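Only one chain is included here, represented as structure tokens and corresponding to the form deposited in one PDB entry.
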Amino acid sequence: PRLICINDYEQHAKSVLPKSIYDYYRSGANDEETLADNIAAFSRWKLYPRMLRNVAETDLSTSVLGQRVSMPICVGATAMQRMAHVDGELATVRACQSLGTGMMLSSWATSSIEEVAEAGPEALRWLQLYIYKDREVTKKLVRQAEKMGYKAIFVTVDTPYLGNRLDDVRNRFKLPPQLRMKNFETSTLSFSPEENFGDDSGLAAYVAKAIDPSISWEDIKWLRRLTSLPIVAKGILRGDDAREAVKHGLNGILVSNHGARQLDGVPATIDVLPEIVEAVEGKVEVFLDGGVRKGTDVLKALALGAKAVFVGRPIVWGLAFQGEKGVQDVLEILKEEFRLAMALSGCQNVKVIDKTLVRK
């Protein structure tokens, strides 16, 4: 089928993925108020384009944490990508390498840190880290990322417990039989579908067993001493927490509500972005994810002070359509929509995308 925008990809994915996998990928937490809002909020921000600016030569390039990227549109961590396509994370990293953009690799990937570095050696790669109760497991992940040429750690800070995703509970979500979380060396930590993970969501049970709910700023201190790699706090929604991340010597904030999958009824990320940008006082790069579907979404986040955005679900739908090629298609669609959004708004490059371009 001919798919020409991101929404087309989701629709096709629903038609070809088994229910429990589609549901895992699509779902938000509880009543999914924030899931709807992540998208609605973008529509409330209106664009005020400048005309007659000469946009013959639009340059989409930028940098994330000192590393050059082809566009301010990067791949966010989405667990267990092999459920969507046999090649999962390997397909994803290859598409990123082709595009000249970065991939943030989930700690719960169905491919190892090493496997991913092998498949995309020239690709900009970062590790998304969950703090395990077992700090040696956690340390190993970080050390492996450093060894394998990953350029930053995105530490997820909004997941002391898993959000309650109703469909996952109903479907008793678990990995397909042939698949594992490939970063780990035990049946429990690798999320083996042959393992006892209770009678509800397998993933919620996995988090409860493996992930540390006691995670504090002290643990951020530990992490900051552990690695000299740039560290981004992922999942911040408040200006005071943002300032705290900066105080702790962190190098960035990813304004995120975990794609509306954690606490439901939190605001849309585009709505909190300005408070966070203001709080940080230019001291650290601020990124956004959550509900990015169109070039104009990217334009709005940048106008509001974000350095770059990350996409979660669109990538998984790309994979579901055609693995590597599907992901490349999705990224190219976003790139082209962004170029056009830039051109029609009078922006020659990302440096001239200013706050007067948007109003709520």
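All residue numbers refer to positions in the sequence shown, first residue = 1.
The next section is about a form of this same protein that is not shown, the form solved in complex with a small molecule.
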query	finding
Non-hydrogen atom contact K151 with the small molecule in the deposited bound form at 4.5 angstroms	no
Contact flag, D134 vs the small molecule in the deposited bound form, heavy atom cut 4.5 Å	yes
Any non-hydrogen atom of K209 within 4.5 angstroms of the small molecule in the deposited bound form	yes
Contact of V280 with the small molecule in the deposited bound form (heavy atom, 4.5 Å)	no
Selected contact from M181, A145, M71, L237, since only one has a non-hydrogen atom within 4.5 angstroms of the small molecule in the deposited bound form	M181
Listed range touching the small molecule, judged in the deposited bound form by heavy atoms within 4.5 Å, from 117 to 125, 271 to 279, 134 to 142, 92 to 100	134 to 142
